[PDB]
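Taking it in order: structure first as structure tokens, then the write-up.
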Amino acid sequence: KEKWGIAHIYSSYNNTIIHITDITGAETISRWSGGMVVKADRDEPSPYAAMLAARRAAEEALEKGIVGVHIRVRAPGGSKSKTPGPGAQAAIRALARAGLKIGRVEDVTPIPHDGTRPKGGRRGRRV
Amino acid sequence: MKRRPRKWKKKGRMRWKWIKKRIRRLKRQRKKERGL
Amino acid sequence: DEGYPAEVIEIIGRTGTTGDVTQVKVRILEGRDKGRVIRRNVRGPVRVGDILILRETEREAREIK
Amino acid sequence: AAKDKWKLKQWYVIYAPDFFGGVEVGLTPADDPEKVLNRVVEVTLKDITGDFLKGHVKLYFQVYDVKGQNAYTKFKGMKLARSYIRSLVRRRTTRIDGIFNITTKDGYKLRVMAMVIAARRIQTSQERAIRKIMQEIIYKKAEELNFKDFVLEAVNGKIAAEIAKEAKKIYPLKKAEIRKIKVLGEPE
RNA sequence: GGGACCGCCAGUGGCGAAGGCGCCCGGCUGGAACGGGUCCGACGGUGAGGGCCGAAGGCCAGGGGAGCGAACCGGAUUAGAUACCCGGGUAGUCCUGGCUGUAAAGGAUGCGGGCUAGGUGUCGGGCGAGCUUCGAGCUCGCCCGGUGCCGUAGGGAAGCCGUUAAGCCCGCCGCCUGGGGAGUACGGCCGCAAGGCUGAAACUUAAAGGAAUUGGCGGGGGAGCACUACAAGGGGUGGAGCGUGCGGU
RNA sequence: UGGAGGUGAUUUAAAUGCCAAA
Ligand SMILES: [Mg+2]
Ligand SMILES: [Mg+2]
Ligand SMILES: [Mg+2]
Ligand SMILES: [Mg+2]
Ligand SMILES: [Mg+2]
Ligand SMILES: [Mg+2]
Ligand SMILES: [Mg+2]
Ligand SMILES: [Mg+2]
Ligand SMILES: [Mg+2]
Ligand SMILES: [Mg+2]
Ligand SMILES: [Mg+2]
Ligand SMILES: [Mg+2]
């Protein structure tokens with residue numbers, strides 16, 4: 001019928017990971033990070049690296065029979081930053097452009113109900 | 001020690017906190033020699 | 001391998017560190033995404049009606065005020 | 001060698017639980033059929049029955065038995081979409097939550113979270129009164145109905161409607177929902 | 001499997017003498033406001049000595065230890081870097097029984113009483129009127145008590161305060177007498193210790209201190225401008241020999 | 001028109017003041 005999968009996108013200020021699994025999430029179809037497509041550490045979170053990684057992952061998924069994906073995008077969350085990095089939107093657009101259908105889109109960033117204590121001390125980074 | 005909020009003003013002097021620390025260091029030495 | 005021609009239809013404003021770059025809106029004339037309107041950054045004097053040769057058509061410049 | 005291992009995988013079809021219609025919901029790959037047990041799949045209520053209104057209700061089904069190339073599932077829990085409930089909470093309104101542990105008529109352990117939104121800021125005693133009404137209605141329903149009927153009424157919105165009708169007497173309401181359900185144990 | 005913490009709603013909103021107090025249900029318990037042709041009959045204010053409460057940190061015994069993280073061990077930056085930045089990490093942070101009694105513990109404003117224009121928000125109770133899906137609901141007006149803003153007379157060096165007074169009046173206690181030496185020396189009391197409370201002199205000095213004004217400056221913000229600024233370009237100087245001016249000898 | 005709070009962030013390195021005014 002229709003083999004649908006899930007695209008997990010992990011976006012921070014330092015890198016971006018695109019991981020395509022099946023519908024139940026227990027089997028991995030493809031996985032690509034920003035550091036596997038560029039050579040400079042400064043370019044890992046750039047939108048262009050996100051586009052390249054998304055295209056590679058989409059090709060690998062398409063050759064195995066997947067037709068469409070539902071998208072789950074997350075920032076680091078927890079006691080770290082709650083805002084996704086600059087590579088999320090570029091990654092989302094690149095998956096569609098490569099030939100996959102797109103299902104529903106949502107963000108799954110973990111949010112504490114007053115959890116643990118973050119780093120830096122009571123004054124934070126002083127730069 | 002007694003409070004002198006005038007001392008905390010920074011114009012023309014060093015920080016009162018560290019002066020207090022230095023004085024307390026000095027008072028330990030006198031006390032030790034007194035017990036001998 | 002040869003690029004795709006695009007036509008400038010609107011001038012937005014100057015930008016760059018020393019005011020050397022202009023931001024424009026262009027319309028693709030040929031290729032997979034023919035007809036779409038996207039914004040781009042151009043170096044050099046430019047006016048409405050000029051034709052640019054884009055090497056790829058999936059990057060869009062960030063909007064400036 | 002990698003593409004060699006991928007060719008050893010077969011596809012299994014996943015079916016919804018019996019009282020939801022038992023329709024196909026997706027396909028999953030695996031090489032050994034025993035590895036498919038306890039997998040969890042999430043589907044929206046709109047997919048089961050077509051209606052664009054209930055597109056923010058999500059249900060979780062867990063595989064418990066495999067026969068041939070088919071996998072059959074059980075009900076595990078239900079949740080509302082985060083973006084949905086995040087749009088109900090507003091300033092100058094009141095949010096009332098209530099979390100209850102119940103046992104159905106046929107010995108099922110459930111935990112239920114219900115939510116109510118008031119039109120304006122209200123006093124704390126009125127919040128306690130509304131929470132008490134919620135508790136009474138949910139306990140009565142749990143004592144009366146069976147597991148499948150209770151779940152169907154919870155997802156269809158009957159319980160929320162009854163709660164709103166009963167709680168109008170304390171303060172006018174804007175919304176009333178069953179926010180979340182999780183199963184804890186099953187009869188032996 | 002484990003230890004800490006209770007997001008949005010949340011509001012110059014609420015409660016408490018102050019420190020402080022935020023998931024839900026049940027039990028015990030302190031204080032205040034409003035309503036009152038109820039009861040007692042000046043029983044009141046302040047308060048030297050005295051007593052009790054008191055953030056964080058620290059100490060003495062016994063537990064616990066997820067995350068964070070004094071000391072400390074490494075990687076970097078730098079002229080150096082005993083730091084700021086990065087990777088780790090002991091005490092501590094958490095619970096039970098004690099001790100210590102300190103904070104910009106600040107409303108930098110001790111507490112009780114009478115009086116002296118208004119305007120406008122919000123929380124609790126009561127009264128009146130109008131709506132109503134009949135709701136422990138909604139809107140408007142008035143009284144009492146809390147909690148904010150604008151402002152009249154008056155006050156003040158001014159900033160500003162102004163029925164929540166820093167205004168006029170009737171009380172009681174505490175404290176101050178130019179800047180340093182100095183919260184130091186000596187003596188005494190308290191504490192396991194760290195430390196707390198009390199507290200001078202010789203000598204030295206012409207100012208120290210407060211509120212506001214005009215400029216100049218900022219590795220503060222905004223607007224504008226220049227080929228002795230940049231950007232896009234054309235041609236050069238700095239290397240050699242000589243002309244000429246300058247330092248030195 | 002004019003004010004009071006709260007939450008976020010805030011791209012390398014960059015020390016010093018001589019002769020004099022007498
Ligand atoms: Mg890398
Ligand atoms: Mg560190
Ligand atoms: Mg620096
Ligand atoms: Mg003073
Ligand atoms: Mg007294
Ligand atoms: Mg305080
Ligand atoms: Mg008042
Ligand atoms: Mg005033
Ligand atoms: Mg002594
Ligand atoms: Mg120049
Ligand atoms: Mg130039
Ligand atoms: Mg030359």
Side-chain angles (χ1 to χ4, degrees), chain A residues 13-14 41-42 77-83 109-127, chain B residues 1-13 15-17 19-35, chain C residues 14-22 42-46 65, chain D residues 82-102 111-136 138-139 164-175 179:
Chain A
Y13 289 141
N14 285 331
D41 301 357
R42 191 175 175 272
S79 54
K80 304 179 176 58
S81 66
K82 311 295 186 302
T83 300
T109 300
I111 297 299
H113 302 167
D114 264 15
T116 58
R117 183 186 191 101
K119 308 200 307 95
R122 65 183 279 105
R123 293 193 284 164
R125 300 183 70 242
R126 296 178 300 280
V127 302
Chain B
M1 299 185 180
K2 298 190 176 183
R3 311 300 281 157
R4 274 208 190 105
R6 186 186 183 97
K7 280 279 198 299
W8 312 339
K9 292 177 176 177
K10 206 63 191 314
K11 173 177 175 181
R13 61 174 67 89
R15 191 173 176 182
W16 158 252
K17 210 177 190 175
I19 298 181
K20 190 172 181 176
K21 200 179 188 70
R22 213 150 76 171
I23 287 181
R24 279 173 173 168
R25 273 174 194 163
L26 187 57
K27 281 166 67 177
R28 283 199 194 93
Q29 180 186 348
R30 290 172 188 158
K31 181 173 175 298
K32 177 179 301 183
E33 299 169 9
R34 192 200 320 278
Chain C
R14 314 297 293 252
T15 176
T17 294
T18 60
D20 200 11
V21 182
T22 318
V42 181
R43 185 187 180 189
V46 61
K65 298 160 300 305
Chain D
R82 187 149 91 186
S83 68
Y84 178 65
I85 69 180
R86 207 164 49 86
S87 67
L88 293 186
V89 183
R90 298 270 81 102
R91 299 188 77 263
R92 301 186 170 278
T93 52
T94 311
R95 167 187 182 176
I96 299 103
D97 283 321
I99 306 178
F100 312 105
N101 306 318
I102 65 179
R111 187 172 289 125
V112 180
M113 303 77 165
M115 190 182 57
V116 175
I117 305 293
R120 296 147 166 272
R121 292 175 188 160
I122 65 179
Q123 303 179 333
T124 304
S125 44
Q126 294 165 316
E127 301 178 4
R128 301 196 210 98
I130 296 184
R131 190 175 294 111
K132 190 165 178 296
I133 289 177
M134 284 157 48
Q135 163 175 354
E136 293 174 355
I138 291 185
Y139 277 174
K165 180 180 55 54
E166 186 59 34
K168 284 184 187 309
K169 299 180 187 174
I170 297 295
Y171 204 89
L173 298 189
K174 178 135 61 176
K175 273 283 171 48
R179 183 168 58 84

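Computed over heavy atoms, backbone and side chain alike; hydrogens, waters and symmetry mates excluded. Letters A, B, ... mirror the listed sequences (proteins, then strands); counts begin at 1.
- E:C15 and E:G20 make a Watson-Crick or G-U wobble pair, with both donor-acceptor distances under 3.5 Å.
- Taking 4.0 angstrom as the limit, A:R125 places none of its side-chain polar atoms (N or O) nearer than this to OP1 or OP2 of E:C84.
- Annotation for A:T109 and A:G77: closest pair CG2-CA, 3.7 Å, computed over non-hydrogen atoms.
- Contact annotation: B:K27 side-chain N/O to E:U184 OP1/OP2 distance is under 4.0 Å.
- Residue-to-nucleotide contacts include a donor-acceptor pair under 3.5 Å from the side chain of B:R6 to the base of E:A208.
- Each of E:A136, E:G183, E:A104 was ranked by its minimum atom distance to the side chain of B:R3; first place goes to E:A104.
- Put simply, B:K2 has a side-chain N or O that comes within less than 4.0 Å of OP1 or OP2 on E:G199.
- Listed here is the closest heavy atom pair of B:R15 and B:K10: N-CE, 3.4 Å.
- Ranking E:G209, E:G3, E:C68 by closeness to the B:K9 side chain, first place goes to E:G209.
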Does the protein touch nucleotides 218-234 of chain E at the base, only the backbone, or not at all? Give it as B, S and - per nucleotide, heavy atoms under 4.0 Å. -------------SS--
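- Both distances falling under 3.5 Å, in either a Watson-Crick or a G-U wobble arrangement, place E:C94 opposite E:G63.
- Residue B:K11 places at least one side-chain N or O under 4.0 Å from the OP1 or OP2 atom of E:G209.
- Residue A:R126 is in sugar-phosphate contact alone, with no base atom involved, counting any heavy-atom pair closer than 4.0 Å across all strands shown.
- With both pairing distances under 3.5 Å, E:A232 is matched to nothing as a Watson-Crick or G-U wobble pair.
- Pair assignment for E:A76 gives none, since no Watson-Crick or G-U wobble pairing has each distance under 3.5 Å.
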Intra- and interstrand pairs of RNA chain F - dot-bracket, Watson-Crick/G-U under 3.5 Å, | marks other strand: ......................
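- Mapping D:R92 and D:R120 onto RNA chain E by nearest heavy atom places D:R92 closer to the 5' end of the strand.
- Residue B:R28 places at least one side-chain N or O closer than 4.0 Å to OP1 or OP2 of E:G195.
- Neighbours E:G65 and E:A66 do not stack on each other, since their six-membered rings do not meet both centres under 5.5 Å apart and planes tilted under 30°.
- Pairs passing the salt bridge (charged side-chain N to carboxylate O under 4.0 Å, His left out) check and including a residue from residues 111-124 of chain D, sequence neighbours excluded, do not occur.
- When the ring-ring contact (aromatic ring centres under 6.0 Å, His included) test is applied to A:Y13, no partner is found at least two apart in sequence or on another chain.
- In terms of phosphate contacts, A:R117 brings no side-chain nitrogen or oxygen within less than 4.0 Å of OP1 or OP2 of E:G69.
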Pairs under 3.5 angstrom only: tabulate donor-acceptor contacts from the side chains of residues 111-127 of chain A to other protein residues two or more places apart or in another chain.
from, atom 1, to, atom 2, distance (Å)
A:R126, NH1, A:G124, O, 3.3

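- Between B:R4 and the phosphate of E:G180, there is no side-chain N or O to OP1/OP2 separation shorter than 4.0 Å.
- When every heavy atom of D:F100 is checked against every heavy atom of D:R131, the shortest pair comes out as CZ-O, 4.3 Å.
- Pair assignment for E:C197 gives E:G188, based on Watson-Crick or G-U wobble hydrogen-bonding distances that are each under 3.5 Å.
- Taking side-chain N and O atoms only, B:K32 has no distance below 4.0 Å to OP1 or OP2 of E:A193.
- When the local axes at the two ends of the helix from E:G118-E:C150 to E:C131-E:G137 are compared, using 5 base pairs at each end, they differ in direction by 10° after rounding to 10°.
- Within the structure, a side-chain polar atom (N or O) of D:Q123 is placed less than 4.0 Å from OP1 or OP2 of E:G124.
- Judged by Watson-Crick or G-U wobble contacts below 3.5 Å, the nucleotide E:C39 has no partner.
- Adjacent in the strand, E:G135 and E:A136 do not form a stacked pair, their six-membered rings missing the 5.5 Å centre or the 30 degree orientation threshold.
- At the heavy-atom level, D:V89 lies under 4.0 Å from base atoms of the strands shown.
- Judged by Watson-Crick or G-U wobble contacts below 3.5 Å, the nucleotide E:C99 has E:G58 as its partner.
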